[PDB]
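*Asks:* Pasting in a structure now, in structure tokens, and then I'll have a few things to ask.
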Amino acid sequence: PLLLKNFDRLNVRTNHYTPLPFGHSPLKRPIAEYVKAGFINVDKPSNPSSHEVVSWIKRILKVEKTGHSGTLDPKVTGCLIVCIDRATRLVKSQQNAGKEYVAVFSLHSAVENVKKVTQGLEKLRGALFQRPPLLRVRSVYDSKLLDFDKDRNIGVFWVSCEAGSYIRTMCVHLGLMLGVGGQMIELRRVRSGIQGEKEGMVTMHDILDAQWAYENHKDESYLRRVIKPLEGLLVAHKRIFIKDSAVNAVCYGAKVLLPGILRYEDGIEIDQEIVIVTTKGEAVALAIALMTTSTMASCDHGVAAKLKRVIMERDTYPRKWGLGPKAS
Amino acid sequence: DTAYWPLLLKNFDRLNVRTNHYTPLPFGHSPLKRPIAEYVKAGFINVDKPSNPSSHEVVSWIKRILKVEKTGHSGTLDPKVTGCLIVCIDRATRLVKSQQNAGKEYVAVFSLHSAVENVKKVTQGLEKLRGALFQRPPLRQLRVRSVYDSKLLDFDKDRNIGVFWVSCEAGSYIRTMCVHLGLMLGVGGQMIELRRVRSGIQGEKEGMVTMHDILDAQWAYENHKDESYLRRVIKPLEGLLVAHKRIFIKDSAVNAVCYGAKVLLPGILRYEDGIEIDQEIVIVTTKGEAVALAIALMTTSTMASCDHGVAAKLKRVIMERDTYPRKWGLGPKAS
Amino acid sequence: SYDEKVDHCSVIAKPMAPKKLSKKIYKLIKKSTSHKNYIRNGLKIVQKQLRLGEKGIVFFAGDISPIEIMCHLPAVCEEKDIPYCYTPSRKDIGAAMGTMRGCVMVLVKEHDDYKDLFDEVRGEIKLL
Amino acid sequence: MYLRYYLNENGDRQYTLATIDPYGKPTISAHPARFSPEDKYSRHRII
Amino acid sequence: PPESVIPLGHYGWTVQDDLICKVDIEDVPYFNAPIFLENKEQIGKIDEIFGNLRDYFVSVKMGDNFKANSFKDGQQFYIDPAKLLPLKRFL
Amino acid sequence: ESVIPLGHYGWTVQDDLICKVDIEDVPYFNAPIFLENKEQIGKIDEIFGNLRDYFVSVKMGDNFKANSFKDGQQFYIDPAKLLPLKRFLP
Amino acid sequence: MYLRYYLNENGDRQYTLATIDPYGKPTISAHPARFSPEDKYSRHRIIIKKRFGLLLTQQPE
RNA sequence: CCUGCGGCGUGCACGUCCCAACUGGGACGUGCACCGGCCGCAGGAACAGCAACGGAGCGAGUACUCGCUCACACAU
């Protein structure tokens with residue numbers, strides 16, 4: 001569940017560890033720490049901007065800090081990840097997340113067949129030049145003309161694109177290529193990273209109702225449905241499980257060292273962003289791998305990974321470094 | 001469970017473990033996760049040879065397409081013969097010689113001048129040409145080459161034309177085999193077509209790609225700056241050494257081996273059981289990179305029961321020099 | 001029959017003509033054969049004419065293998081705005097071109113003799 | 001508005017501009033309701 | 001005014017009051033960069049650069065007594081050699 | 001000068017006279033063959049077959065016909081135009 | 001050309017001279033397409049190949 | 001002593017024409033490939049070290065710098 005799924009499928013380096021009574025499961029945290037270590041998959045309304053739709057959430061939830069992982073235009077709806085407090089540490093890591101939009105385009109003139117539009121979308125694929133709207137290279141992985149109305153000359157196409165892509169510029173370029181011109185009259189982000197419309201999307205009314213139910217009834221069911229743990233944003237990251245005695249060292253800036261790895265996952269390459277996970281499923285930190293999986297299966301000591309961004313707070317687990325077999 | 005790990009890490013857990021103590025270095029990449037420049041420079045292509053051109057033309061065309069300094073090939077297919085053709089790219093070119101002795105499976109079409117009694121006659125004639133046969137090059141130092149198996153896959157009597165599949169040793173000329181089969185049947189015969197169906201451990205199902213595939217992959221990498229096509233086309237050179245016994249070496253001994261140092265016992269992490277003296281083995285890093293090809297001078301039992309002595313003697317250094325830092329001479333005994 | 005014959009074709013055999021359109025195409029090729037320079041037959045000639053800039057309707061054979069010999073030409077026709085469509089078999093194209101030998105694909109130009117049919121077929125394809 | 005949708009057997013969004021889906025049922029709009037912070041109808045909506 | 005000129009590329013098609021030119025030189029032109037003829041005759045200014053990183057197009061907004069039907073197939077267009085960047089820079 | 005027994009007649013594939021070999025030495029290319037009476041009947045055209053049990057096809061002159069020889073006909077070859085078998089062995 | 005083949009259940013090539021396989025489908029030519037080094041149809045080949053899900057990048061493994 | 005590197009008129013493809021398949025023929029132009037031993041250069045002469053003195057968490061300025069705090073951790 002979240003980050004222990006298929007843990008037996010991972011390579012086991014050792015089972016022997018001394019469990020500690022500290023820490024909480026990612027999904028069983030108290031209500032005061034669930035919100036601080038959570039993110040919301042907001043269905044952005046049409047008019048308000050993203051920084052004002054995030055200020056609304058901050059004011060609503062009475063949280064000290066709140067961020068988001070991609071700016072949606074004032075007139076653009078779709079997925080919006082709002083990280084709450086302790087989750088904001090992940091915002092930077094979320095900038096490169098692949099996006100998926102569904103755009104509506106109106107053409108100034110008419111085309112002979114839907115095949116013309118399909119071919120035009122076909123040639124607007126791969127790495128493409130984009131200029132921010134009123135020169136960079138950004139990749140369109142896929143596209144698909146979902147619908148087209150000739151009388152209205154307005155069509156719907158779903159596009160998989162890289163973070164930072166301007167769908168306004170892409171629609172303008174689709175107009176230019178087809179010899180008739182065109183521009184975008186509507187946009188809606190349908191997936192943001194590993195999160196989409198099916199993956200627990202909540203309206204702003206839903207957040208308001210949850211916070212209200214919490215205040216006037218002390219019921220945390222709705223708020224837990226609305227807010228998800230940050231571990232759900234790193235499910236696509238490769239994992240390196242460390243023992244309960246090594247978590248705090250990582251939390252203080254120590255590099256991940258081989259003697260403390262309880263389990264590691266196949267497919268770890270040097271200079272690869274990984275997630276340090278405790279034995280309960282919490283996310284200790286994001287690290288950069290300095291050893292391939294084979295180099296870890298074949299060594300007894302060293303630095304398995306260096307830190308990139310510590311997620312867990314200090315003193316969550318007790319200080320237990322310096323009490324090893326040697327202690328010399 | 002390392003039975004599914006790529007290339008030279010297969011059954012890595014089943015290998016005998018000499019030691020677990022060393023300091024890995026951050027230099028190098030996994031064979032499959034290399035940069036594109038190094039991936040191309042240390043790669044090979046299993047090419048469905050087009051019918052018309054010669055093997056040297058195919059190699060030069062690949063050179064021009066991929067813009068690589070050097071490229072070579074193991075077995076030469078006549079101009080009109082299609083099939084498997086392993087082409088090395090700039091650093092697997094050192095493994096061209098080791099691929100020259102690889103086994104070869106062909107499928108050949110033959111025509112007999114005059115009709116034969118029945119199909120069983122052709123079957124017996126083929127069953128008479130399976131051994132250390134006698135072969136003279138076509139249009140002259142008569143050689144002896146082996147034909148392990150052979151089978152008459154099809155025979156159309158109306159046209160007197162048959163198709164047979166032959167497994168044979170490198171250098172064998174199947175045109176000579178067809179003329180000899182014609183002589184054997186009592187009517188004479190010749191070869192019409194030929195198609196190499198396997199070159200070593202590489203065959204038709206083992207990721208064979210066409211020249212159009214290479215050209216398209218190059219275009220996708222040079223226009224869309226995409227690498228997946230070129231990575232499906234080119235494969236790491238370690239795929240050519242998957243049948244070799246493996247000796248894993250510490251990262252402190254890699255540069256020494258590149259400079260010419262013999263593979264010494266104090267720097268061996270793991271080895272594959274069954275290594276005999278004067279056997280071709282592959283010295284590999286813990287990342288899966290084949291540092292070199294060596295000739296063993298120690299048995300598996302000797303390698304388990306010894307503390308010093310030269311484990312292997314260099315035959316071909318594959319890894320580029322200065323890829324790893326110089327760490328020879330800082331140990332206790334070395335000083 | 002026809003459904004089986006269309007079944008044998010390759011997966012890239014699209015757009016495909018139905019049976020009635022197939023008879024219409026065979027009629028068009030047979031009528032166009034009377035004019036030497038107004039019908040182009042073979043892979044090389046068709047490709048060269050497309051390169052130069054010649055126009056018309058291009059008729060492919062969907063039962064070909066390997067597909068890499070012609071898979072690119074549909075895109076060239078698309079690029080130059082030349083209608084094209086596959087047909088069930090190459091033997092049928094040969095039989096329609098007055099040559100028992102098959103032709104992988106063919107290119108039909110416009111002539112005043114058979115303009116109506118040649119533009120009915122064009123319209124029929126454009127509605128597919 | 002312009003973007004509408006319906007759902008298939010797997011509950012996946014199929015985007016169309018048509019007011020009637022292939023199965024005859026009306027298509028649901030793809031955009032959420034407009035939000036106003038000064039909304040005092042939480043209890044009524046919950047009820 | 002143009003001390004020197006080099007061939008920017010060839011002609012593409014027309015989209016309303018714009019002239020798409022298919023760029024052959026790898027160098028990526030500047031924004032608002034005047035496009036000249038063979039005889040150093042500016043004909044328009046750059047508006048949009050679009051397409052992939054090695055086969056791309058550029059639209060020009062003919063302004064001074066220039067129109068789209070004026071030009072014809074196979075025509076070539078020039079640009080000031082000082083108004084370019086290397087393709088690598090953007091990439 | 002002298003001759004030694006090469007083997008016995010097998011079949012004839014057109015002009016080519018196929019001779020089975022009973023000796024353990026492999027002859028040369030175009031090496032002349034001669035009958036009992038040291039009469040030249042042709043030159044070696046092809047060498048084929050398994051390493052030990054093998055055959056040689058010989059091209060004859062207008063001086064002879066392949067069918068001219070009956071089953072069991074024995075052939076003679078020069079002992080000075082043979083190679084050691086150990087040479088061609090690995 | 002002469003050589004042709006059909007694919008069995010296991011996925012292996014079964015070589016034959018016949019035009020029609022035992023299953024009634026045509027037999028695929030054994031030989032690859034001819035190659036011209038000056039081939040300017042790579043783009044035109046990837047659009048169609050991708051369009052029909054046959055490109056190598058689209059296959060599994 | 002070891003290693004690495006170098007030397008010791010046919011076909012193919014393309015373009016254009018004549019004729020009589022996913023073709024074989026010709027002519028005219030382009031490119032592309034071919035018809036074990038010795039020597040020279042360079043690198044190293046290698047028994048394979050290194051179980052922490054540069055990381056983390058905050059605030060400010062223009063990926064870098066400037067300050068504070070925490071530890072400087074091989075995980076029994």
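Identifiers in this document derive from the order of the structure tokens: chains are assigned A, B, ..., residues are numbered from 1 separately in each chain, and ligands are numbered from 1 in order of occurrence.
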Give me the residues near residue 48 of chain G as a ChimeraX atom specification, where near means some atom within 12 Å (using only C-alpha atoms (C1' of nucleotides)) and where sequence neighbours in that chain fewer than 2 positions away do not count.
*Replies:* /A:119,122-123 /C:11-14,67-68,70-79 /G:41-46,50-55
*Asks:* Would you export the selected residues with N, CA, C and O atoms as a compact mmCIF listing (two decimals), in the first residue's frame, please?
*Replies:*
```txt
# COMPACT_ATOMS: atom_id res chain seq x y z
N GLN A 119 -3.14 14.06 -39.56
CA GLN A 119 -1.76 14.13 -40.05
C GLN A 119 -1.03 15.34 -39.47
O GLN A 119 0.15 15.24 -39.11
N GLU A 122 0.00 14.48 -36.19
CA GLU A 122 1.07 13.49 -36.29
C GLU A 122 2.42 14.16 -36.48
O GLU A 122 3.42 13.75 -35.88
N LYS A 123 2.48 15.20 -37.32
CA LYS A 123 3.75 15.87 -37.56
C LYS A 123 4.12 16.84 -36.45
O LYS A 123 5.26 17.33 -36.42
N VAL C 11 -1.62 -5.45 -42.18
CA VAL C 11 -2.33 -4.56 -41.27
C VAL C 11 -2.25 -3.11 -41.74
O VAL C 11 -3.09 -2.30 -41.35
N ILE C 12 -1.26 -2.77 -42.57
CA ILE C 12 -1.11 -1.41 -43.06
C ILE C 12 -1.96 -1.22 -44.30
O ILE C 12 -1.87 -0.20 -44.98
N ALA C 13 -2.81 -2.21 -44.60
CA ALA C 13 -3.65 -2.17 -45.80
C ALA C 13 -4.91 -1.35 -45.49
O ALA C 13 -6.03 -1.85 -45.45
N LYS C 14 -4.68 -0.05 -45.27
CA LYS C 14 -5.73 0.90 -44.98
C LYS C 14 -5.30 2.26 -45.50
O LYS C 14 -4.12 2.62 -45.34
N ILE C 67 6.68 -5.29 -45.87
CA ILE C 67 6.01 -4.01 -46.09
C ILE C 67 6.98 -2.86 -46.24
O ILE C 67 6.58 -1.77 -46.67
N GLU C 68 8.25 -3.06 -45.91
CA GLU C 68 9.23 -1.98 -45.96
C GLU C 68 9.54 -1.55 -47.39
O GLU C 68 10.21 -0.53 -47.57
N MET C 70 7.23 -0.63 -49.54
CA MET C 70 6.26 0.38 -49.93
C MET C 70 5.66 1.14 -48.76
O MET C 70 4.84 2.04 -48.99
N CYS C 71 6.02 0.82 -47.52
CA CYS C 71 5.34 1.41 -46.37
C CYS C 71 5.48 2.92 -46.33
O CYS C 71 4.66 3.59 -45.70
N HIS C 72 6.50 3.46 -46.99
CA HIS C 72 6.77 4.89 -46.92
C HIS C 72 5.95 5.69 -47.92
O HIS C 72 5.72 6.89 -47.69
N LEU C 73 5.50 5.07 -49.00
CA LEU C 73 4.85 5.78 -50.09
C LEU C 73 3.47 6.30 -49.71
O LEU C 73 3.05 7.35 -50.22
N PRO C 74 2.73 5.62 -48.83
CA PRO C 74 1.48 6.22 -48.34
C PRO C 74 1.70 7.59 -47.73
O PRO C 74 0.91 8.51 -47.96
N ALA C 75 2.80 7.76 -46.99
CA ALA C 75 3.09 9.05 -46.39
C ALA C 75 3.49 10.08 -47.43
O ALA C 75 3.15 11.25 -47.31
N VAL C 76 4.23 9.67 -48.47
CA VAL C 76 4.56 10.61 -49.53
C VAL C 76 3.29 11.09 -50.22
O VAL C 76 3.11 12.30 -50.47
N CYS C 77 2.38 10.17 -50.53
CA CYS C 77 1.11 10.55 -51.14
C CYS C 77 0.34 11.49 -50.22
O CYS C 77 -0.24 12.48 -50.68
N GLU C 78 0.32 11.19 -48.92
CA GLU C 78 -0.34 12.08 -47.97
C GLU C 78 0.28 13.46 -48.00
O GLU C 78 -0.42 14.48 -47.96
N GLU C 79 1.61 13.53 -48.08
CA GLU C 79 2.30 14.80 -48.07
C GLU C 79 1.96 15.64 -49.29
O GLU C 79 1.77 16.86 -49.18
N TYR G 41 13.55 8.70 -46.95
CA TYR G 41 12.19 8.38 -46.53
C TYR G 41 12.15 7.84 -45.11
O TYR G 41 11.33 6.98 -44.78
N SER G 42 13.02 8.34 -44.24
CA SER G 42 12.98 7.88 -42.85
C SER G 42 11.80 8.48 -42.12
O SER G 42 11.06 7.77 -41.43
N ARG G 43 11.57 9.79 -42.28
CA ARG G 43 10.44 10.43 -41.63
C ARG G 43 9.14 9.81 -42.10
O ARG G 43 8.26 9.46 -41.31
N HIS G 44 9.04 9.66 -43.42
CA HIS G 44 7.84 9.15 -44.05
C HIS G 44 7.58 7.72 -43.65
O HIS G 44 6.45 7.24 -43.73
N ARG G 45 8.62 7.03 -43.19
CA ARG G 45 8.51 5.64 -42.77
C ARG G 45 8.15 5.53 -41.30
O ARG G 45 7.37 4.64 -40.93
N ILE G 46 8.60 6.48 -40.48
CA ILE G 46 8.23 6.39 -39.07
C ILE G 46 6.81 6.87 -38.85
O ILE G 46 6.12 6.32 -37.98
N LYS G 50 4.63 4.03 -37.05
CA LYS G 50 4.01 4.36 -35.77
C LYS G 50 2.49 4.32 -35.88
O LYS G 50 1.81 3.83 -34.97
N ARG G 51 1.95 4.84 -36.98
CA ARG G 51 0.50 4.89 -37.16
C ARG G 51 -0.11 3.51 -37.04
O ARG G 51 -1.24 3.38 -36.57
N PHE G 52 0.62 2.47 -37.44
CA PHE G 52 0.06 1.12 -37.43
C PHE G 52 0.68 0.24 -36.35
O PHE G 52 0.48 -0.98 -36.38
N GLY G 53 1.40 0.83 -35.40
CA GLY G 53 1.91 0.07 -34.27
C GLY G 53 2.84 -1.07 -34.63
O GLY G 53 2.78 -2.13 -34.01
N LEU G 54 3.71 -0.87 -35.62
CA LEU G 54 4.65 -1.89 -36.02
C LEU G 54 6.11 -1.53 -35.74
O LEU G 54 6.97 -2.42 -35.81
N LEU G 55 6.41 -0.27 -35.43
CA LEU G 55 7.80 0.11 -35.20
C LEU G 55 8.37 -0.65 -34.02
O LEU G 55 7.65 -1.09 -33.12
```
*Asks:* Residues at most 12 Å from residue 325 of chain B, counting only C-alpha atoms (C1' of nucleotides), excluding those fewer than 4 positions away in the same chain, as a ChimeraX atom specification?
*Replies:* /B:24-28,251-259,320-321 /H:48
*Asks:* Could you please take those selected residues and save C-alpha atoms (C1' of nucleotides) as a PDB file, in the first residue's frame?
*Replies:*
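Written output follows (out.pdb):
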```pdb
ATOM      1  CA  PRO B  24      33.495   0.951  -5.538  1.00  0.00           C
ATOM      2  CA  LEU B  25      34.382   3.896  -7.723  1.00  0.00           C
ATOM      3  CA  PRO B  26      31.824   6.207  -9.389  1.00  0.00           C
ATOM      4  CA  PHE B  27      33.426   5.790 -12.834  1.00  0.00           C
ATOM      5  CA  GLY B  28      31.632   3.835 -15.546  1.00  0.00           C
ATOM      6  CA  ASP B 251      37.478  -1.350  -9.571  1.00  0.00           C
ATOM      7  CA  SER B 252      41.062  -0.739  -8.419  1.00  0.00           C
ATOM      8  CA  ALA B 253      42.387  -3.346 -10.877  1.00  0.00           C
ATOM      9  CA  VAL B 254      40.498  -2.209 -13.977  1.00  0.00           C
ATOM     10  CA  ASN B 255      42.933   0.476 -15.102  1.00  0.00           C
ATOM     11  CA  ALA B 256      45.912  -1.789 -14.443  1.00  0.00           C
ATOM     12  CA  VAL B 257      44.321  -4.443 -16.655  1.00  0.00           C
ATOM     13  CA  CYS B 258      43.683  -1.823 -19.336  1.00  0.00           C
ATOM     14  CA  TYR B 259      47.331  -0.772 -19.232  1.00  0.00           C
ATOM     15  CA  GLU B 320      39.335   2.163 -22.871  1.00  0.00           C
ATOM     16  CA  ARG B 321      42.311   3.373 -20.864  1.00  0.00           C
TER      17      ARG B 321
ATOM     18  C1'   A H  48      44.855  -4.109  -6.733  1.00  0.00           C
TER      19        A H  48
END
```
*Asks:* Mind running chain A against chain E at 7 Å and telling me each contacting residue's nearest atom pair with the distance in Å (one decimal), counting only C-alpha atoms, chain and number ascending, as JSON lines?
*Replies:*
```
{"residue": "A:127", "atom": "CA", "partner": "E:52", "partner_atom": "CA", "distance": 5.8}
{"residue": "A:128", "atom": "CA", "partner": "E:52", "partner_atom": "CA", "distance": 4.5}
{"residue": "A:129", "atom": "CA", "partner": "E:50", "partner_atom": "CA", "distance": 5.2}
{"residue": "A:130", "atom": "CA", "partner": "E:50", "partner_atom": "CA", "distance": 6.9}
{"residue": "A:135", "atom": "CA", "partner": "E:90", "partner_atom": "CA", "distance": 6.9}
{"residue": "A:136", "atom": "CA", "partner": "E:90", "partner_atom": "CA", "distance": 6.3}
{"residue": "A:137", "atom": "CA", "partner": "E:91", "partner_atom": "CA", "distance": 6.8}
{"residue": "A:173", "atom": "CA", "partner": "E:50", "partner_atom": "CA", "distance": 6.6}
{"residue": "A:176", "atom": "CA", "partner": "E:15", "partner_atom": "CA", "distance": 6.4}
{"residue": "A:179", "atom": "CA", "partner": "E:15", "partner_atom": "CA", "distance": 5.0}
{"residue": "A:180", "atom": "CA", "partner": "E:15", "partner_atom": "CA", "distance": 5.8}
{"residue": "A:181", "atom": "CA", "partner": "E:15", "partner_atom": "CA", "distance": 6.3}
```
*Asks:* Write the residues you've just listed into a file as a compact mmCIF listing (two decimals), in the first residue's frame, and include N, CA, C and O atoms for each of them.
*Replies:*
```txt
# COMPACT_ATOMS: atom_id res chain seq x y z
N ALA A 127 10.37 16.08 -30.21
CA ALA A 127 10.89 17.35 -29.72
C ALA A 127 10.47 18.45 -30.68
O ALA A 127 10.61 18.32 -31.90
N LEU A 128 9.96 19.55 -30.13
CA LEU A 128 9.39 20.62 -30.92
C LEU A 128 9.81 21.96 -30.32
O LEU A 128 10.03 22.07 -29.11
N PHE A 129 9.88 22.97 -31.16
CA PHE A 129 10.18 24.31 -30.70
C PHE A 129 8.93 24.97 -30.13
O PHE A 129 7.84 24.88 -30.70
N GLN A 130 9.10 25.62 -28.98
CA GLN A 130 8.02 26.32 -28.30
C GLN A 130 8.56 27.63 -27.76
O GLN A 130 9.68 27.70 -27.25
N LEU A 135 13.32 31.02 -27.03
CA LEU A 135 12.89 29.84 -27.77
C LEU A 135 13.44 28.58 -27.10
O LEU A 135 14.65 28.45 -26.92
N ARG A 136 12.55 27.67 -26.73
CA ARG A 136 12.92 26.43 -26.06
C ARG A 136 12.45 25.23 -26.88
O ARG A 136 11.67 25.36 -27.83
N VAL A 137 12.95 24.05 -26.52
CA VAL A 137 12.61 22.79 -27.18
C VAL A 137 11.98 21.89 -26.13
O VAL A 137 12.62 21.58 -25.12
N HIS A 173 0.84 26.26 -33.40
CA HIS A 173 1.69 25.61 -34.39
C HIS A 173 0.90 24.60 -35.21
O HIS A 173 1.16 24.42 -36.41
N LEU A 176 -0.74 26.69 -37.76
CA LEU A 176 0.20 27.11 -38.79
C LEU A 176 0.50 25.99 -39.77
O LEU A 176 0.53 26.20 -40.99
N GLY A 179 -2.10 25.12 -42.66
CA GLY A 179 -2.36 26.07 -43.72
C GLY A 179 -3.60 26.90 -43.54
O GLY A 179 -3.92 27.70 -44.43
N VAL A 180 -4.32 26.74 -42.43
CA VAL A 180 -5.53 27.50 -42.18
C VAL A 180 -5.43 28.38 -40.95
O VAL A 180 -6.26 29.29 -40.78
N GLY A 181 -4.45 28.15 -40.08
CA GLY A 181 -4.37 28.82 -38.80
C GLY A 181 -5.29 28.20 -37.77
O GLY A 181 -6.19 27.42 -38.06
```
*Asks:* Please, what distance in Å, to one decimal, runs between atom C1' of residue 41 of chain H and atom CA of residue 323 of chain B?
*Replies:*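 These atoms are spaced 22.3 Å apart.
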*Asks:* With only C-alpha atoms considered, list every residue of chain G at most 7 Å from chain B, as a list in words.
*Replies:* residues 15, 16, 17, 31, 32, 33, 34, 35, 37, 42 and 57 of chain G
*Asks:* May I have the selected residues written with N, CA and C atoms, as a PDB file, in the first residue's frame?
*Replies:*
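Written out: out08.pdb:
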```
ATOM      1  N   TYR G  15      10.523 -22.702 -42.900  1.00  0.00           N
ATOM      2  CA  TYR G  15      10.911 -22.320 -44.247  1.00  0.00           C
ATOM      3  C   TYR G  15      10.333 -23.282 -45.274  1.00  0.00           C
ATOM      4  N   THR G  16       9.948 -22.732 -46.421  1.00  0.00           N
ATOM      5  CA  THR G  16       9.317 -23.486 -47.491  1.00  0.00           C
ATOM      6  C   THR G  16       9.398 -22.662 -48.766  1.00  0.00           C
ATOM      7  N   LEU G  17       9.223 -23.347 -49.893  1.00  0.00           N
ATOM      8  CA  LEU G  17       9.130 -22.706 -51.197  1.00  0.00           C
ATOM      9  C   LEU G  17       7.700 -22.378 -51.604  1.00  0.00           C
ATOM     10  N   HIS G  31      13.590 -12.746 -47.389  1.00  0.00           N
ATOM     11  CA  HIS G  31      14.668 -11.810 -47.632  1.00  0.00           C
ATOM     12  C   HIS G  31      14.251 -10.395 -47.260  1.00  0.00           C
ATOM     13  N   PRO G  32      15.154  -9.594 -46.701  1.00  0.00           N
ATOM     14  CA  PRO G  32      14.799  -8.223 -46.337  1.00  0.00           C
ATOM     15  C   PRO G  32      14.754  -7.313 -47.555  1.00  0.00           C
ATOM     16  N   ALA G  33      14.118  -6.161 -47.363  1.00  0.00           N
ATOM     17  CA  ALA G  33      14.013  -5.173 -48.424  1.00  0.00           C
ATOM     18  C   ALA G  33      15.384  -4.633 -48.809  1.00  0.00           C
ATOM     19  N   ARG G  34      15.539  -4.332 -50.094  1.00  0.00           N
ATOM     20  CA  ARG G  34      16.768  -3.731 -50.583  1.00  0.00           C
ATOM     21  C   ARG G  34      16.973  -2.365 -49.944  1.00  0.00           C
ATOM     22  N   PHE G  35      18.237  -1.980 -49.786  1.00  0.00           N
ATOM     23  CA  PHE G  35      18.601  -0.740 -49.115  1.00  0.00           C
ATOM     24  C   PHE G  35      19.361   0.178 -50.060  1.00  0.00           C
ATOM     25  N   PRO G  37      21.629   3.613 -49.751  1.00  0.00           N
ATOM     26  CA  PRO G  37      22.209   4.506 -48.735  1.00  0.00           C
ATOM     27  C   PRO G  37      21.642   5.912 -48.789  1.00  0.00           C
ATOM     28  N   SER G  42      13.024   8.339 -44.238  1.00  0.00           N
ATOM     29  CA  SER G  42      12.984   7.879 -42.855  1.00  0.00           C
ATOM     30  C   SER G  42      11.798   8.482 -42.115  1.00  0.00           C
ATOM     31  N   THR G  57      10.118   0.330 -31.539  1.00  0.00           N
ATOM     32  CA  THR G  57       9.934   0.997 -30.258  1.00  0.00           C
ATOM     33  C   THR G  57       8.591   0.637 -29.640  1.00  0.00           C
TER      34      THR G  57
END
```
*Asks:* Tell me, counting only C-alpha atoms (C1' of nucleotides), for each residue of chain H within 12 Å of chain C, which pair of atoms is nearest and how far apart they are in Å to one decimal, in rows ordered by chain and increasing number, as JSON lines.
*Replies:*
```
{"residue": "H:15", "atom": "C1'", "partner": "C:48", "partner_atom": "CA", "distance": 10.7}
{"residue": "H:16", "atom": "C1'", "partner": "C:48", "partner_atom": "CA", "distance": 11.7}
{"residue": "H:21", "atom": "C1'", "partner": "C:103", "partner_atom": "CA", "distance": 5.9}
{"residue": "H:22", "atom": "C1'", "partner": "C:69", "partner_atom": "CA", "distance": 7.1}
{"residue": "H:23", "atom": "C1'", "partner": "C:42", "partner_atom": "CA", "distance": 10.5}
```
*Asks:* Determine which residues of chain A sit within 10 Å of chain C, taking into account only C-alpha atoms, and present them as a list in words.
*Replies:*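 Output check: residues 112, 113, 115, 116 and 119 of chain A.
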*Asks:* For the selection you just gave me, I'd like the residues written to a file as a CSV table (one decimal), in the first residue's frame, keeping N, CA and C atoms.
*Replies:*
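Result written to result28.csv:
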```csv
chain,number,residue,atom,x,y,z
A,112,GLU,N,-10.5,19.7,-45.4
A,112,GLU,CA,-11.2,18.8,-46.3
A,112,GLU,C,-11.7,17.6,-45.5
A,113,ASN,N,-10.9,17.1,-44.6
A,113,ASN,CA,-11.2,15.8,-43.9
A,113,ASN,C,-10.5,15.8,-42.6
A,115,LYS,N,-8.8,13.5,-41.6
A,115,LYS,CA,-7.5,13.0,-41.8
A,115,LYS,C,-6.4,14.1,-41.9
A,116,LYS,N,-6.8,15.3,-42.5
A,116,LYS,CA,-5.8,16.4,-42.5
A,116,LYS,C,-5.4,16.8,-41.1
A,119,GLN,N,-3.1,14.1,-39.6
A,119,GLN,CA,-1.8,14.1,-40.0
A,119,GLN,C,-1.0,15.3,-39.5
```
*Asks:* Do you have the atom CA of residue 22 of chain B-atom CA of residue 36 of chain B distance handy?
*Replies:*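 Interatomic distance, atom CA of residue 22 of chain B to atom CA of residue 36 of chain B: 29.3 Å.
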